[PDB]
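First the structure, in the form of structure tokens, and then the observations on it.
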Number of protein chains: 4
Amino acid sequence: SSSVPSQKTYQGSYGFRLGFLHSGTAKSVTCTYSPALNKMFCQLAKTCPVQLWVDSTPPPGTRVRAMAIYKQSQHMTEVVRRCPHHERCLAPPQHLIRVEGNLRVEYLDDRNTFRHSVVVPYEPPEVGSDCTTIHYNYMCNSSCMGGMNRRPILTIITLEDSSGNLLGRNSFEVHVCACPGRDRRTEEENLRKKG
Amino acid sequence: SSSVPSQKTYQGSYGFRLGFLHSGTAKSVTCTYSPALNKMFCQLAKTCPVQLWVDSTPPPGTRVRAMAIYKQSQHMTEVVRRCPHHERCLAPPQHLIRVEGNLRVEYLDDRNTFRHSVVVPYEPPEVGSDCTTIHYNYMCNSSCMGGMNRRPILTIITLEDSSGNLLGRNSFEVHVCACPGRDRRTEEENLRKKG
Amino acid sequence: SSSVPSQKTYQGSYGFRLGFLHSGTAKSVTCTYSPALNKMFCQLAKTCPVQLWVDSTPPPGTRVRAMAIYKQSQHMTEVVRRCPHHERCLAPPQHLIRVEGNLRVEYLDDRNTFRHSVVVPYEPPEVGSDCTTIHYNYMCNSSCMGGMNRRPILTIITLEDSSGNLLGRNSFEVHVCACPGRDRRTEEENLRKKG
Amino acid sequence: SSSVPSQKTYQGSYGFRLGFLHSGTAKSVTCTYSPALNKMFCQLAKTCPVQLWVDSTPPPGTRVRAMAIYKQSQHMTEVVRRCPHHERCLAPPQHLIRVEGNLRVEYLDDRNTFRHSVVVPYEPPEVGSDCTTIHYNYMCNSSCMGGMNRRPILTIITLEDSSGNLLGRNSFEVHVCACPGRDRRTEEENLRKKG
DNA sequence: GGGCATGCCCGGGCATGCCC
DNA sequence: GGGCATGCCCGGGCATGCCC
Ligand SMILES: [Zn+2]
Ligand SMILES: [Zn+2]
Ligand SMILES: [Zn+2]
Ligand SMILES: [Zn+2]
């Protein structure tokens, strides 16, 4: 059995999709999302709100899981972990991705694949709104030595029922950096000029 | 009975064929496939994704075997092994080909032919995709002294049922090297100018 | 009592001084010493030869101690350590400075000051030469996150008798980096243009 | 105590010096010596005759020892060994340097420094000649992967009495290669043009 | 002996954490 | 927000085992 989780978008029978909030591109804005690149640019240990959108309401007991994988083919089979520095200085210190502001968060270390994930219960949007927001946190920069070490990652968000069935899957690239607005504008300019 | 395994393409009743991802020809790209040559150019100990495509779904318990053989007639009967340097510094150290990212990988040392092979279970593409990707690893350069020693090899991929029936066979040439982009462009140029 | 060791040059009654071998300024030469800056530029985990010169021969049992301290006033009281990444992947893993090629090397963790040092016996130059060379090793880049973190250090070399009397002291600045030739030429140019 | 043996020439009270025979510079001559570079160019596993010259006859029981060390500073503390390939395919297989045609040859693995050496008894030149020749053999190319790996070496010849006293020391650089005449002419031309 | 292929050295230059 | 320093990617090119 493969230890590499799928990243292919699966909107599923519930119409599962992600949403992200517009940001305003200061050089060091705390987070900013590029629709053209399907890529979040954000700062380490700071809030990265992700919206959950569904056409049909999931069944009770549905869970929302987040997992990071390296985007490039030569690194895909390597588990994404926190670097030794940020690990040394609740959430186990080896986990890259945290969820803030949720009382039912669980951190999994898969017994077979060794991959990390963080799971919270799915809550339908309150009577009166269109989506559900999760406050994620990335605890390393993409550049961290001994961790992501300048390798781009994807975050895989899966909607799963209590029985474990995959109900939906979406993914976005993440670049954790000191200056999200600068790096977003640079990669988007490179895309237009040399893409 | 012959100890030289067949390399002849046998697409079989299941329409078995291999696929490879386009790469972009940097001089030292980690892997790049040449369709004109049916030849993978890749770097040692780095991921080499190979796609499995089928027209019909194989029965349960189907396995996928990979095995290296020397391409040239005068070397065909010699077992392809890891060189002593890379052998010394679950995969046995003598095996050239490894599979990354699979929990059910098996390494075989044939009791009679002494040939090495690595086997994983066949998994059908997930509901929502067209092929299955295996992450292969070549643990020597083609040039390694005491190993391949600058001799070209073929990788033979066989689809086999649990009973051992050959369901399909495909093969591609491999050149493991420091600069796959350079060597691919050089051989393709030699093919055009002097082939 | 102060836990900050002295860096002031004390050539002493034995005429103790340090020497360094000229290098040739390739961009990524493994080590190169700048006399104008009294500064070694070297690569991590690679040999950095340091010459011991004396006018008078030290008594038997003399020892040679090396110790790193931060050069800048605001960091001087912080112990120089290996960063967590290089620590994790006879020399204790927390020590920045190692000595290669000596059978009588000792690594000290000071019980009171917590500072690290590495000591070898002093050997007089062999009948027929002018100095004694010690092969030092710096196990982090100056830029290492969670370690030196881009802060310049000094290496303090003390000649001590077996009783612990300070016989001599010398020091040089160290910049461990990927391209010692580039960084040396850049700092020397900044010194000339704006020093 | 240092584990790096001295390479400094010590002609000593017996006037100890090496001699080498003129060769004639075919591209692949089996061995050829460059006086300008004090450097032997030779082929692997082939005879490399070295002459021993003395002004005064050594005492009975004098021994002749040969030992290889890396010439460059960043490799000097590493023991010079045979590569895994030539080790796998009398003299222990890990030893680079052998002596041919001598019935009293000894191979030492130093218990403390781990360095290899090969020793034969010193014989004075027969009544009627000026020097004594030893037939050395280098069992790897300088290029061998996992061995010298393209790093230049020195051979240190020491004349020692039976008690262990150093009587004399000389050294020459060695380049073991397929084409000694080509590589000698190339390095000598580079010396004139860019030295 | 002439010349090719290939592992790796080499300097130019990019990206990114952080000083200013 | 502008700009510097630095680890490392990148293509040019050298050296060397071996084919011819
Ligand atoms: Zn980190
Ligand atoms: Zn190998
Ligand atoms: Zn470090
Ligand atoms: Zn060898």
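Each chain gets a letter, A, B and so on, in the order its sequence line appears, and its residues count up from 1. Keep in mind that the numbers below use all heavy atoms, side chains included, and drop hydrogens, waters and symmetry copies.
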Nearest heavy atom decides the nucleotide; on that basis, is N141(C) or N149(B) closer to the 5' end of DNA chain F? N141(C)
Go through the structure and list residues passing side chain to side chain donor-acceptor pair (under 3.5 Å) with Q74(A), not counting sequence neighbours. none
Please list, chain by chain and in numerical order, all residues satisfying side chain to side chain donor-acceptor pair (under 3.5 Å) with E87(A), sequence neighbours excluded. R88(C)
State whether the side chain of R82(C) and the backbone N or O of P93(C) hold a donor-acceptor pair below 3.5 Å, judged by distance alone. yes
Judged by nearest nucleotide, the residue sitting upstream toward the 5' end of DNA chain E, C179(B) or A26(C), is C179(B)
Of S142(D) and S28(C), whose closest DNA chain F nucleotide lies nearer the 5' terminus? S28(C)
Once pairs are restricted to Watson-Crick or G-U wobble with both distances under 3.5 Å, how does DNA chain F read as a dot-bracket string, [ ] for crossings and | for other-strand pairs? ||||||||||||||||||||
Suppose we screen for side-chain contact (heavy atoms from CB on, under 4.5 Å). Which residues come up paired with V80(A), at least two apart in sequence or across chains? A68(A), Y70(A), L96(A), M148(A), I153(A)
Could you tell me which residues satisfy salt bridge (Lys or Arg N to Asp or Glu O under 4.0 Å) with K27(D), sequence neighbours excluded, listed by chain and number? none
If the condition is side chain to side chain donor-acceptor pair (under 3.5 Å), which residues does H86(C) pass it with, not counting sequence neighbours? none
With nearest nucleotide decided by heavy atoms, which residue, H175(A) or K27(C), maps closer to the 5′ end of DNA chain E? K27(C)
Pairing residues for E78(C) by the side chain to side chain donor-acceptor pair (under 3.5 Å) criterion, not counting sequence neighbours: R151(C)
Give me the first and last nucleotide of DNA chain F, going 5' to 3', that has any atom under 4.0 Å from a heavy atom of chain C. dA5(F) to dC8(F)
By ring-ring contact (aromatic ring centres under 6.0 Å, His included), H85(C) pairs with (sequence neighbours left out) none
